[PDB]
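Inside the fold
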Amino acid sequence: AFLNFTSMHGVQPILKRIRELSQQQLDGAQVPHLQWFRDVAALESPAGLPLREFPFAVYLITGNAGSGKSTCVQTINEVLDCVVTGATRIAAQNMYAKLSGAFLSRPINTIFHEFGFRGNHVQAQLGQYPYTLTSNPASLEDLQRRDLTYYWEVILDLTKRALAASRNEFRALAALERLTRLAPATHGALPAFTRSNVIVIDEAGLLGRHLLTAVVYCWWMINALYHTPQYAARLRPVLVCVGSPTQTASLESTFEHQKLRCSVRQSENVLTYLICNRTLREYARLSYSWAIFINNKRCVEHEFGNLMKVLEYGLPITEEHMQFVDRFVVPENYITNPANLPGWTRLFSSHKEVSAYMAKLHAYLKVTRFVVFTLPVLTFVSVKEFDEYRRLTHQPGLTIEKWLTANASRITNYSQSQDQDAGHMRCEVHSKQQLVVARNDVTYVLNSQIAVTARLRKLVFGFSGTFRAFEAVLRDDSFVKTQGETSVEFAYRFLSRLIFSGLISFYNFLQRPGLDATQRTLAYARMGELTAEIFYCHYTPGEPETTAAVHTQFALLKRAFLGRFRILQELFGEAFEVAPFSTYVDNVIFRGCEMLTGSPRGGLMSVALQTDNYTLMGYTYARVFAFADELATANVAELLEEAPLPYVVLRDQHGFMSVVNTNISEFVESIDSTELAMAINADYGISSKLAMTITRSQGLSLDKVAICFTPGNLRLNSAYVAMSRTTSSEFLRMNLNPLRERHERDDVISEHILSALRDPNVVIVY
Amino acid sequence: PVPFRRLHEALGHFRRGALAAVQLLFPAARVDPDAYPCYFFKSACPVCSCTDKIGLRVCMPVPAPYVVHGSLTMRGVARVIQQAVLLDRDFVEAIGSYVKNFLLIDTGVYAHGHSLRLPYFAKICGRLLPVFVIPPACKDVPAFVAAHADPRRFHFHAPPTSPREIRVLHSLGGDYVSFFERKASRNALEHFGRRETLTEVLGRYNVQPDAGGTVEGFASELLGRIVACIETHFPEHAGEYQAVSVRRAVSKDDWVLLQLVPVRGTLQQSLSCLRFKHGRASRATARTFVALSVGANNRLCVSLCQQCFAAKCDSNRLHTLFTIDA
Amino acid sequence: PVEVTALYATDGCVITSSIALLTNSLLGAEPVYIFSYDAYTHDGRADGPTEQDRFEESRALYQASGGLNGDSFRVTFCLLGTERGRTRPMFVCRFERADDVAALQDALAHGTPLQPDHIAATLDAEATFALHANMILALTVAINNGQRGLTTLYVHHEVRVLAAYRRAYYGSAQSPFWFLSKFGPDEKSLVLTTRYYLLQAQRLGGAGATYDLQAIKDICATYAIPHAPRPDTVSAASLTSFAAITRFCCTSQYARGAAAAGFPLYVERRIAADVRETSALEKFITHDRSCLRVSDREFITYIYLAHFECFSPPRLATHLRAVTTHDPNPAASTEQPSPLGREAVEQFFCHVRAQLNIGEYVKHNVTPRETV
DNA sequence: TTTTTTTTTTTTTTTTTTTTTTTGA
Ligand SMILES: Cc1nc(N(C)C(=O)Cc2ccc(-c3ccccn3)cc2)sc1S(N)(=O)=O
Ligand SMILES: [Zn+2]
């Protein structure tokens, strides 16, 4: 209870600064006019673009990752007007989890959705036009023009789409006597940037510098077309950027269309841009607008903490540190051997290394004999696409397999796409629908804690747990809360159906060894006594579309099971509670990996969450029209009807089985400024969470970690990121000692935090 | 880059602060801080065309009747002067806007066998030449100027310039005794627990390092476990440490490093480096050590370490390969 | 003229039922359940109110026997919503007739739901439909592209009316279990924290207006007034619908007397005592940080050491035990002066003189060995 | 003996509802 105290009393100065930062009116002339964004649309190339200042404010919340910086965000949300966003979908869901654990937070989306990022922008040439900054000292106008030229192929499209959409909106209400506060409510589906000027971007170090200006730019857009009351009040955006500046980095990928060499360079993140740019540190006044959270809560060690301090603050590496980290070094052939460290996540510094490691363990488990099962993943290229693109690349000679030499990464979610063991691509022309299709096999493991990568639609088919676990679900109605408060009737219908379907399970437990004849006699006798105040008999299920029905018909079934669970719980003591209770709406038989959910009826249709830790179960086919929302896309929809698409089944933390949909992703990049839908990749998009790259590890914390370090490529920032993903130093093993080997340390942002920790106007929260 | 006048004023402030520190360190002396001669030399880099550093050397006569003895004693004198010059508001006000790191004095040039570049000499890029900061009440200016040219004024063990009494300051403060460090260490024990020293932990496994060859007593039985580890995880050099004798080399109070030189096969047969596979001769140019330390919940951690003489591995740097429990 | 701020939640969708109540339509109107309420009277003195004056006035307001003490009651019902205000009013009702106040005392001291008749016959149409009149106008303008107007807009486009009344008053009804979840498992929290954080924080102003729900729950946890047993021995977790939470809160003894009167004052007192010590400690922290001029490693050692030495778990526990109360009366409070800052200054911030152009750090470990 | 070439994130609009089983040469 005393843990929150420091945050509780130190976030108040933060709150008492963001308020004046958000309630500061700009001069009339400094407000970006609508005509500005009209001219931006007219401009074709980002060269004649006029030097235009877009005013903004910042407030920086830095601090160790997992330093509980979210308490500050929590206090901000419940006190201030704010639009909470996230740099990654995982981070956005993590903030939602930690904001709805205290009060109500509206669905937290990504900043990309907030400024209008759509599908076609994903693969867009974001680094093309040049800029010779008339700078040193770099004017803010020049920096903003650089960040708009960087994102010309995104800023221009956003401006054009927003502008050419037409005017009503707030313009209408404002003239009530010529009430815009009640305008976003009455006029719905309006962009969330029209109702607040405090934009919280969490884990903002995962965003490049180009985005910062972009966000501000977009803010003004969405407040100019709609003529928001904030625009009439001459308010300016304030970007509360929350993230770890020394545990997070942003990378830019460019693909050269002749060499087929996809390159990824390092970039300046928003945090580093704001901390280390003399122009932004003055305009935004970071000295009076910086909060550093300094405590590592999860950590409960002492020497582990000192090492984190020296690595994060750039302190000199001493002999004692070398001797401490010496106790973690385990051989190269010990980490890579799958027989060792079971259940420990293994980090490598190369995607090829992860592709090697995942394959060897697959062989190990398969030979030793979970189940190493094989599941189809396909691809769909088209003849016209690879005809025209080959024409435009100045090289019309290129084989399709050579097309898939590197664009397989750039055809779907990169993370799992380049970190999966898979077969040989069977690229066969299926031009029936004018197409050429590929076919490989992404072997998984059976019954492992896998994670959903992309956005999937979960369809819960039932619960495979214990009688006690299902009694708990009904008692607290936790399941109902996961579906949201606006549509509770749908959640109550399916639970009702389950209870009327799971009555047979009690009768199987009736056949349990070690029970007296009269013990079972009293069992069935109390079953009869409860039927007297209720045997399945012939209960009439179902209800009309009425709110009262799901609070009367369900109320009976909820009380029926609750009682029934608790009834036999007392009769058989702990044995009944631990007994496995499986409830499904259909005859579900699961021999080996293959499952069979018969014919679905879409009793409860929901959306799987990426953060939710699921468990791989098996690939039932049971073609559901719920996932078959297929409408190019129809040409492959016909083939998906042809070849039965397998729907992989996952088990959530509670234990409810959920059948999910597949994933489809486009590749559109070109060089002739002709973005055309080339290839759509149909696969599963699940990750093992057992092996990954250090760079991706930055995003999410891990329980047990074994780090495989490649010598020569040793960057102390990578070592710090890898070693900081786990709370306890006890469960940490490593290839070599990053402190004892030659390491390229880049301690430039470290001294900047140190000078920030050495400034009277910077607020440090313990 | 800095203007010379600001530098000269900062040097006057440095003279003031250093003389206060000297009159504090040597209490029975008489240092009038307006006549006591301090000598200054700057490295050539008017406009001080300094892009890297302003190389300075400050020479002070040790006031009579004192003589300082010991490397650590002058280390302490340097720390006192350094933390005394960053107290005078004039110095920090003058040079503070220019110094990126406020640390000015290096205290590692006083160990036995460590060299310091003399004034009136260059570096193989800057000939240290005097910069004259006359004492505010110097009664002989020409003498002060023609005092920078006398080697005695800039030599560590110069002849002191009819001695009745002489006071030898041969010891001052210790090392790692900062109040922040001593308070943090004490709070660590209160909140987290006692981490027993290496000697105490080794004493549990019947090792009393007071006598010679006692640590080798445990290193013997430890060799079998280490060899079993290597001939499983690192097999491509297996039959190399079958017969080796632990040779105690380095002894820190939390780090015992015993070399593993062999006799069998050849007396000088070098132990092939376990990592970074090299040629027949390049690989067999490495040394191996065993490191006993205290770790985890006070359990003796044994590490295998190597020192390779090849370019691929850090040359003459100690590396670790596996740490096993004991 | 006693004014009550009341948070309610009907059986189902409270928004639809409330709108139907405003339209005087007998189609959907679940009886109203009131489960948190703040009663206040306009202070007739310019600057007369003191802490004990406020405590006496409040203890008079919340009748110890049960209910309030006024003759006429203007009750402003509210929902969890945002305009940052934590609630939002929906409808206001006058209670001047004997039958009106009899129903209000019954529903305020016990928890029996207020039937649609009692409210519907007492809407202050001069102000009730005035609260949401601008929403009516905005809906008219939007759909184009008082009470008769509300009914007409109800008929014309139902979807947009419901969406507007759910975006505004955003939280509306969340769940019976949500309140028991986010406002502590204890009865003290469930009554007092729900009263303060929702219906008492922003109205009374003060620092507590800017404090979060977890902070307010912590303050309630240290508001450790004596605890009498529950006459029906009903546990706080035995509550399923709002008819149970409302009954728990209304017949509680943290709701109609001294504790209900001392909690708002204790929030202010605790924060004042805490900030007095913390702000002093941060003044020392910031000053020493700004003038340290030490090596990078020793700087980090100081900053972490100081934050520990002032805000360690033991020191914090002693401080929170020094602000815990055993009685709500401010003149009979058992809270005593906190030792946090004085202890922190005595041990660690007493060595600031060592780094004040004294050389006392040397004197601590000087060992001046000059052999003659 | 040179000798490489490492890592990431974003891509929405909703919650139900028409079933088919010999093919080849
Ligand atoms: C031993 C004693 N007990 C005090 N505690 C509880 C602490 O430091 C606790 C802590 C403080 C910071 C971190 C951290 C984590 C990530 C990166 C940097 N830092 C971890 C843990 S302080 C130390 S002391 N007095 O040696 O400085
Ligand atoms: Zn080597």
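As shown above, the structure is provided for reference.
Below you will find a few notes about this structure.

**A word on the overall build of chain C**
Helix and strand counts for chain C come out as 18 helices and five strands. Against the 2.2 N^0.38 benchmark of 21 Å for 372 residues, chain C shows a C-alpha radius of gyration of 27 Å, more extended than a compact globule. By principal-axis analysis of the C-alpha atoms, chain C measures approximately 110 × 55 × 45 Å. The buried share of chain C, taken over its 372 residues, is 52%. Approximately 16,200 Å² of chain C is accessible, and the part contributed by carbon and sulfur atoms is 54%. Side chains of chain C give 34 positive and 39 negative charges; the mean places of these two sets differ by 5 Å.

**Regarding the overall build of chain A**
A tally of regular secondary structure across chain A gives 31 helices and 23 strands. Radius of gyration (C-alpha) of chain A: 29 Å, near the 27 Å computed for a compact globule of 766 residues. With respect to the principal axes defined by its C-alpha atoms, chain A has extents near 90 × 70 × 65 Å. Here chain A has roughly 33,200 Å² of accessible surface; of this, 52% comes from carbon and sulfur atoms.

**Concerning the interface of chain A and chain B**
Tallying the contact residues gives 21 residues for chain A and 23 residues for chain B. Buried area between chain A and chain B, summed over both chains or domains, comes out near 1,800 Å², and the portion from carbon and sulfur atoms is 53%. Interface area lost by chain A to chain B is led by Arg327(A), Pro331(A) and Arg740(A), which between them contribute 30%. Note that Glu303(A) is salt-bridged to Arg195(B), the shortest N-O span being 3.7 Å. Joining chain A to chain B, the criterion identifies six residue pairs in polar contact. At three residues, the largest contribution of residues to the side of chain A that touches chain B is made by helix α16 (residues 332-335) of chain A. Of the residues that constitute the side of chain A that touches chain B, the class distribution is eight nonpolar, five polar and eight charged.

**Remarks on the protein's contact with DNA strand D**
Residues and elements named next belong to chain A. In the vicinity of DNA strand D, 29 residues are found, and the nearest of them are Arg89, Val264, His351, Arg455 and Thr695. If you look at DNA strand D and keep only atoms within 4 Å of the protein, 60% of those are sugar or phosphate atoms. One of the backbone nitrogen or oxygen atoms of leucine 251 is found 3.0 Å away from a base nitrogen of DNA strand D. Among the secondary structure elements, those contributing two or more residues to the surface near DNA strand D are α5 (111-114), β5 (250-255) and α29 (694-697). Broken down by class, the residue content of the surface near DNA strand D amounts to eight nonpolar, 15 polar and six charged.

**Concerning the packing of helix α1 (residues 4-25) of chain B against helix α2 (residues 71-85) of chain B**
Residues and elements named next belong to chain B. In contact at an axis separation of 8 Å, α1 and α2 are set at 135 degrees when each is read in the N-to-C sense. Taken together, the axes of α1 and α2 are oblique relative to one another. Of the two elements, α1 crosses α2, and the hand of that crossing is right-handed. Residues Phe14, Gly17, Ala18, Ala21 and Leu25 of α1 pack against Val77, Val80, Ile81, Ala84 and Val85 of α2.

**Observations regarding the packing of aromatic side chains**
Taken as a whole and assessed by the stated rule, the structure comprises 76 aromatic pairs over all chains. A centroid spacing of 4.2 Å and a plane angle of 25 degrees characterise the contact between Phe467(A) and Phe576(A), whose relative ring orientation is stacked. The exposure classification of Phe467(A) matches that of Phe576(A), with both residues buried. Ring pairs connect the aromatic residues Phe463(A), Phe467(A), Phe470(A), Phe479(A), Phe506(A), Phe509(A), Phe561(A), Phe565(A), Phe572(A), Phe576(A), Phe581(A) and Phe656(A), which therefore count as one cluster. Just above the ring of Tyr66(B) sits the side chain of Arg167(B); from NZ or CZ to the centre is 5.9 Å.

**A short note on the site of ligand 1**
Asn64(A), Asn295(A), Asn296(A), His302(A), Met308(A), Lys309(A), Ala184(B), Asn187(B), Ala188(B), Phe192(B), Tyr304(C) and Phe308(C) make up every residue found near ligand 1. Flanking ligand 1 are residues from chains A, B and C. Here an oxygen atom of ligand 1 and a backbone polar atom of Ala184(B) are 3.1 Å apart. Bound to the protein, ligand 1 loses 92% of the 610 Å² it would expose on its own. At the level of secondary structure, the elements contributing two or more residues to the shell around ligand 1 comprise α14 (303-313) of chain A, α5 (179-191) of chain B together with α15 (296-311) of chain C. Among the elements that take part in the shell around ligand 1, α5(B) stands out by supplying three residues, more than any other. Of the residues belonging to the shell around ligand 1, the class tally is six nonpolar, five polar and one charged.

**A closer look at the interface of chain C and chain A**
Where the parts come together, the accessible area they lose is often given as the size of the interface. Tallying the contact residues gives 60 residues for chain C and 47 residues for chain A. Summing both sides of the interface, chain C and chain A together bury roughly 4,900 Å²; the carbon and sulfur share of this comes to 64%. It is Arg84(C), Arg289(C) and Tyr304(C) that lose the most area in chain C upon contact with chain A, and together they represent 14% of the buried surface on that side. Where chain C packs against chain A, one counts one salt bridge.

**A look at the coordination of the zinc ion (ligand 2)**
Residues and elements named next belong to chain B. Distances from the zinc ion (ligand 2) to its protein donors, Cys273 (SG), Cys308 (SG) and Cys313 (SG), fall at 2.3 Å. Every donor residue of the zinc ion (ligand 2) comes from the same chain, spaced as C-x34-C-x4-C. You can see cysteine 273 sitting in the loop between β9 (255-259) and α8 (280-283) and its partner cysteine 313 sitting in the loop between β11 (299-308) and β12 (318-325), a full 40 residues away along the chain.

**Quick notes on the packing of helix α7 (residues 152-163) of chain A against helix α10 (residues 209-224) of chain A**
All names here are of chain A. Where α7 meets α10, the axes come as close as 11 Å, and the angle between the chain directions of the two elements is 10 degrees. Our classification of the angle between α7 and α10 gives roughly parallel. Here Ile155, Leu158, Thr159 and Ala162 of α7 lie close against α10, whose contacting residues are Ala214, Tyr217, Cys218 and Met221. Residues that form the contact of α7 with α10 fall into these classes: seven nonpolar, one polar and no charged.

**Overview of the side chain of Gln174(C)**
As for its position among the elements, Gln174(C) is in the loop between α8 (158-167) and α9 (176-182). A polar contact of 3.5 Å, which involves the side chain of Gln174(C), links it to the backbone oxygen of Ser172(C). Contact partners of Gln174(C), with chain neighbours within four places excluded, come to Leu104(A), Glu485(A), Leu80(C) and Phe179(C).

**Here's the deal with the sheet that holds strand β22 (residues 732-734) of chain A**
Think of a sheet as strands paired side by side through backbone hydrogen bonds, with each pair either parallel or antiparallel. All names here are of chain A. What the four strands build is an open sheet, ordered β20-β8-β21-β22; its pairing is parallel. Looking at which strands have only one partner, the edges of the open sheet turn out to be β20 (691-693) and β22. Across the sheet, the axes of successive neighbouring strands diverge by a mean angle of 25 degrees, strand direction being ignored. Note that strand β8 (residues 345-348) and β20 share three bridges and pair parallel.

**With respect to the sheet that holds β9(B)**
Residues and elements named next belong to chain B. Read across the sheet, five strands follow the order β8-β9-β10-β11-β12 without closing on themselves; strand pairing throughout is antiparallel. For this open sheet the edge positions go to β8 (247-252) and β12, each flanked by a neighbour on one side alone. Neighbour-to-neighbour, the strand axes of the sheet open up by a mean angle of 25 degrees, direction not taken into account. On the sheet, helix α7 (residues 214-233) packs against β8, β9, β10 (286-295), β11 and β12 and is oriented at approximately 90 degrees with respect to β12.

**Focus on helix α23 (residues 488-501) of chain A**
Along an α-helix, residues three or four positions apart point the same way, because every turn accommodates 3.6 residues. All names here are of chain A. When the terminal C-alpha atoms of α23 are compared, their 20 Å separation across 14 residues agrees well with the 20 Å that a helix rising 1.5 Å per residue should span. Buried residues of α23: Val488, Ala491, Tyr492, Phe494, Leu495, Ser496, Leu498 and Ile499, and no others. Check the buried side of α23 and you find it contacts β12 (459-466), α21 (467-476), α22 (478-482), α24 (503-509), α26 (553-572) and β13 (580-584).

About the criteria used
Residues numbered from 1 in each chain as written, not as in the entry; some residues may be left out. Chains lettered and ligands numbered in written order. Part of a larger assembly, values for the part shown. Heavy atoms only, no water. Helix = DSSP H or I, 4+ residues; strand = E, 2+ residues; numbered from the N terminus. Rg over C-alpha atoms; globule rule 2.2 N^0.38 Å. Buried < 20%, exposed > 50% of the residue type's maximum accessible area, 1.4 Å probe, protein only. Areas by Shrake-Rupley, 256 points an atom, 1.4 Å probe, with all protein chains shown as cover. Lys, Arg positive; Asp, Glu negative; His and termini not counted. Charge placed at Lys NZ, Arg CZ, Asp CG, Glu CD. Contact = heavy atoms within 4.5 Å. Buried area = accessible area lost by both parts, 1.4 Å probe. Salt bridge = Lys/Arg side-chain N within 4 Å of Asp/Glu carboxyl O. Polar contact = N/O pair within 3.5 Å; in protein donor to acceptor, adjacent residues only side chain to side chain. Nonpolar A, V, L, I, M, F, W, Y, C, P; charged D, E, K, R; others polar. Near = heavy atom within 4 Å. Axes fitted to C-alpha atoms, helices over the stretch in contact; angles between N-to-C directions. Parallel < 35°, antiparallel > 145°, perpendicular 65-115°, else oblique. Left-handed = near helix turned anticlockwise from the far one by under 90°. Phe/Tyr/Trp six-rings, centres within 6.5 Å; stacked < 30°, edge-to-face > 60°. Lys NZ or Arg CZ within 6 Å of the ring centre and 35° of its normal. Donors = N, O, S within 2.8 Å, 3.2 Å for Na, K, Ca; no water. Pairing = 2+ DSSP bridges. Expected span 1.5 Å × (residues − 1).

Shape is all these values report; function is a separate question.
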